[PDB]
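Just below is one structure, and these are the notes that go with it.
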Amino acid sequence: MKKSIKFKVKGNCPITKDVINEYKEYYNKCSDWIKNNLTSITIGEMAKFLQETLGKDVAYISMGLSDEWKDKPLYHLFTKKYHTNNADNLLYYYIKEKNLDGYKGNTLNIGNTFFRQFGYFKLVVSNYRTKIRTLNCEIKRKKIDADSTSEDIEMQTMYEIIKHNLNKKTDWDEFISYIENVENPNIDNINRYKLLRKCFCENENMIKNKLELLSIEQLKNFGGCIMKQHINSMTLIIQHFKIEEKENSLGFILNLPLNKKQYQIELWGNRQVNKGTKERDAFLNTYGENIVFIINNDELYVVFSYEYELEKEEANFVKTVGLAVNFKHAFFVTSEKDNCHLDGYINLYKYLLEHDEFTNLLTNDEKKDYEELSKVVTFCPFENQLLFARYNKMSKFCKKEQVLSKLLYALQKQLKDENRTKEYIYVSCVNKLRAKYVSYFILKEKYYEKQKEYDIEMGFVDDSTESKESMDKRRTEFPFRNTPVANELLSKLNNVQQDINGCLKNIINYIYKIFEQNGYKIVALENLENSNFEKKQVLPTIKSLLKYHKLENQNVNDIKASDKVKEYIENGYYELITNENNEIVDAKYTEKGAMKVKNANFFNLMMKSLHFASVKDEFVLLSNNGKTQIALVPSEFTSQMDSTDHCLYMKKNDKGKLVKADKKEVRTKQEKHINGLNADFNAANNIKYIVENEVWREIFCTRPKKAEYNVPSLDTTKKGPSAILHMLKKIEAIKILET
RNA sequence: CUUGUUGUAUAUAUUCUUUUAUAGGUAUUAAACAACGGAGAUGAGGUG
Ligand SMILES: [Mg+2]
Ligand SMILES: [Mg+2]
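All letters in the first sequence, in the order written, are residues 366 to 1104 by the working numbering.
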């Protein structure tokens, strides 16, 4: 259906930076008003004032005084239930007849409806509507006890809904069922959910009104929708503009009518819209009405929107592959075995094993691990532990990161000289991804250090001498984000992340094209989500070590907080400085501990930065035009089931219910499953079987209706975790775990 | 108009940057292969 193209202007064009600046100022004032009145103002007062001023009884004005929306907050004009155009007209005429946007014409005297009613106000309404319909609040996990106020209980009651989607009584009951039926885990967490159920269904509607009220309050604090100073775009609706191909050129001409005057904007051609292609015909035959103007690095751009027909193919089920996405060791392990059958595939773990400068520093365990990986089809030999040796000068794993990097870069030069460009781009983007992640870490932790300096220089100290009422205001009135220094770091981070995204797309394109050019009609990923990531446990901070753990006053001989804290004291993580009482009053972060926290952060930050949960979206996008199709498998039990015999190990408690075992009851310390296989090779094989096997393909893979943009050919079922457990049990996917 | 954006050089000069240092900034210098539905500048941790 819809689709965009962007063009650049060549030379003469009346859309200067001042025009976009004026449009941006109008947008920002209007959206600032809407932000400041998202909830305080009532729709009823607006409609009554329109009754006072105009007096008409049109549909939108009548809907303002209807009993459904008479006293609801203004933000309901942006929800799903409220009629769209009625809200548009009501809000528009309210702002207009009060001159709250401050409109005083424009530079080029564009039509008032095309610049104000259908322009920046249209964008403001569209953007606020988009956000409020997908409100995403964020709350912390405060410890829940019997002694707590209703709000303290409720805040965590709303928290669990946010993190796990427990809107319904069914959603809670299917959740308690799951936890109690694996390993018989800690009773304390189950007690929490039981208490919340005693407090969730008690006040369901109140909780539902909350997490909307709170979500909006978390929207008027993050700035709402105020266009960021680096963007500088401008969207307009124009009625009779035409676009024609430039004469004797691979360009286009825009015939924009402005101020009743027929202008002419010269453009450059896009290779997207190159001559003779179907995309050029579709663009020129059916291009929309909305035009966007952007200033991107001191240059102007035009965005149009045309409509096309996608011809996405359908699932074939002849040659399938599962891709496990595990960031530890290789980024992309498949279900395939590296029998040198894939065309245009370079196995980098095999390349690292032929050389001896590498396998002379590797212990007997590491040799077996690397040689097990080298037998399978892997991709992007990211080594999170080795890569951290670049940042850690005193690392035990240094001289391994130097040899690894040198050998990889030497292979890159060899690939350049032998002219294998497909693999050359892959390896160069691998090297640059590894270096750019270190750059991202450097810049993002300079961001955090600078933020801490800013907090302790603006009086945002946790030790505060001001009212908490003022602190929240200033945290919003002058946050770190708006400061000039942060925009420098955020710009550098945007450049680095742009390189990261590009190199990641090059690697993903490489994998997809290898799978497509060999004949793999389906690629089965998993419905991975930010909950499927195992984050390394960061050490307790300075604040938490003394205050929560009550270490602020106790002797070294006195260890009552926890045993794990005592283990942290055993290693040189904290430097506990004794006071005159020989009990720890001042605490430190030791350089060993400082570099431990850095290792934890270095591993954890790979989730969002390297798109842990978006390595399926790019694969789907590559299938919108390719021949390989993408199948999403439920992100559970795939990395917990024996690949040789497809069964979930389960143990019989003496109570008498066959229940699954611990996630570590099946994994040893090494990345080897109890079936004697690499964990990722196990997980990848399981993924494929849930597609290869037709019965399992119908049980968990719910086929969408037809081919659609941005949609996999096969999707996971909507059944919850406990439903998936029982259905496998109902088909005898069961193995007794002989402990 | 060999035409737009992004990715991809471990390139020459560099009394530039440790806030991109196996990389960037400024001068250049060189190349094809790709993708492109506008895009993505929102939080770093502890006992669960
Ligand atoms: Mg770049
Ligand atoms: Mg280029």
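Heads up, the beta-carbon is just placed ideally off N, CA and C, and yes, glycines get one too.
May I ask you to check if the CB of residue i is nearer than 8 Å to at least one heavy atom of ligand 1?
| i | result |
| --- | --- |
| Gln-862 | no |
Taking the beta carbon of residue i as the centre, do at least 16 other beta carbons fall within 10 Å, making it buried, or is it exposed?
| i | result |
| --- | --- |
| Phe-483 | buried |
| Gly-1041 | exposed |
| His-694 | buried |
| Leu-738 | buried |
| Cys-705 | exposed |
| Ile-821 | exposed |
| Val-888 | buried |
| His-529 | exposed |
| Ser-700 | buried |
| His-1091 | exposed |
| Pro-746 | buried |
| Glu-748 | buried |
| residue 1113 | Shown here, the chain extends from 366 to 1104; a query on residue 1113 therefore has no answer. |
| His-1038 | buried |
| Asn-1075 | exposed |
| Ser-832 | exposed |
| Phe-587 | exposed |
| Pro-438 | buried |
| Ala-424 | exposed |
Taking the alpha carbon of residue i as the reference point, which residue from the options has its own alpha carbon closest?
| i | options | result |
| --- | --- | --- |
| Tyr-457 | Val-903, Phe-480, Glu-853, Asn-530 | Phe-480 |
| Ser-396 | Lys-487, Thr-444, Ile-408 | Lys-487 |
| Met-366 | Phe-984, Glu-676, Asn-964, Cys-378 | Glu-676 |
| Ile-518 | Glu-567, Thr-499, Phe-540 | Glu-567 |
| residue 318 | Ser-909, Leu-904, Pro-905, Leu-941 | Residue coverage of the chain in this structure runs from 366 to 1104, which leaves residue 318 outside it and unanswerable. |
| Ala-1026 | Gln-1005, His-1038, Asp-1045 | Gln-1005 |
| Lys-992 | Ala-680, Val-1060, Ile-555, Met-599 | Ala-680 |
| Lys-413 | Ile-426, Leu-403, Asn-402 | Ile-426 |
| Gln-902 | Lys-915, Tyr-885, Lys-929, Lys-912 | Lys-929 |
| residue 335 | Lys-797, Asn-377, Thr-743 | Lying outside 366 to 1104, the shown extent of the chain, residue 335 is not represented and no answer is given. |
| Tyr-485 | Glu-1036, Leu-500, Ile-1101, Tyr-468 | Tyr-468 |
| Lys-1083 | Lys-1034, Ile-1064, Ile-872, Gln-767 | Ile-1064 |
| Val-638 | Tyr-628, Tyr-673, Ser-896 | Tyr-673 |
| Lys-593 | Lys-961, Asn-661, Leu-500, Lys-563 | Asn-661 |
| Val-962 | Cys-763, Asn-757, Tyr-447, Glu-433 | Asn-757 |
| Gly-589 | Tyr-671, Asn-401, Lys-421, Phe-753 | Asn-401 |
| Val-490 | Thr-478, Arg-506, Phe-443 | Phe-443 |
| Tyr-493 | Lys-778, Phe-1002, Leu-584, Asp-828 | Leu-584 |
| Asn-895 | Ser-1000, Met-523, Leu-773, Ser-793 | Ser-1000 |
| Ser-927 | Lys-915, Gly-937, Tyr-938 | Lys-915 |
On the three-state DSSP scale, how would you describe residue i?
| i | result |
| --- | --- |
| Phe-617 | strand |
| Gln-862 | helix |
| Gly-824 | coil |
| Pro-438 | strand |
| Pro-622 | strand |
| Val-638 | helix |
| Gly-687 | strand |
| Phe-806 | helix |
| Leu-975 | coil |
| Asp-1080 | strand |
| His-1038 | strand |
| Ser-832 | coil |
| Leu-798 | helix |
| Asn-964 | helix |
| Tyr-457 | helix |
| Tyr-493 | helix |
| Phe-744 | strand |
| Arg-840 | helix |
>> As an exercise, report each continuous beta strand (DSSP E) stretch of at least 3 residues that is fully enclosed by the region 376-429, in chain order.
In response: No beta strand (DSSP E) of 3 residues or more sits fully in the region 376-429.
>> Runs of 4 residues minimum, wholly inside the region 759-793: which ones carry the alpha helix (DSSP H) assignment?
In response: Within the region 759-793, the complete alpha helix (DSSP H) segments at least 4 residues long are 766-783, listed from N- to C-terminus.
>> Please give me, in chain order, every unbroken run of the beta strand (DSSP E) with length at least 3 that falls completely inside the region 859-917.
In response: Within the region 859-917, the complete beta strand (DSSP E) segments of 3 residues or longer fall at 887-891, listed in chain order.
>> Please give the ranges of any beta strand (DSSP E) in the region 920-958, keeping only runs that are unbroken, at least 3 residues long and fully inside the region.
In response: The region 920-958 is shown to contain whole beta strand (DSSP E) runs of 3 or more residues at 949-951, in chain order.
> Can you list the beta strand (DSSP E) stretches of 3 or more residues lying completely in the region 980-1014, in chain order?
Replying inline: Correct list: 994-998.
> Can you list the alpha helix (DSSP H) stretches of 4 or more residues lying completely in the region 554-621, in chain order?
Replying inline: 569-574, 578-582, all fully within the region 554-621.
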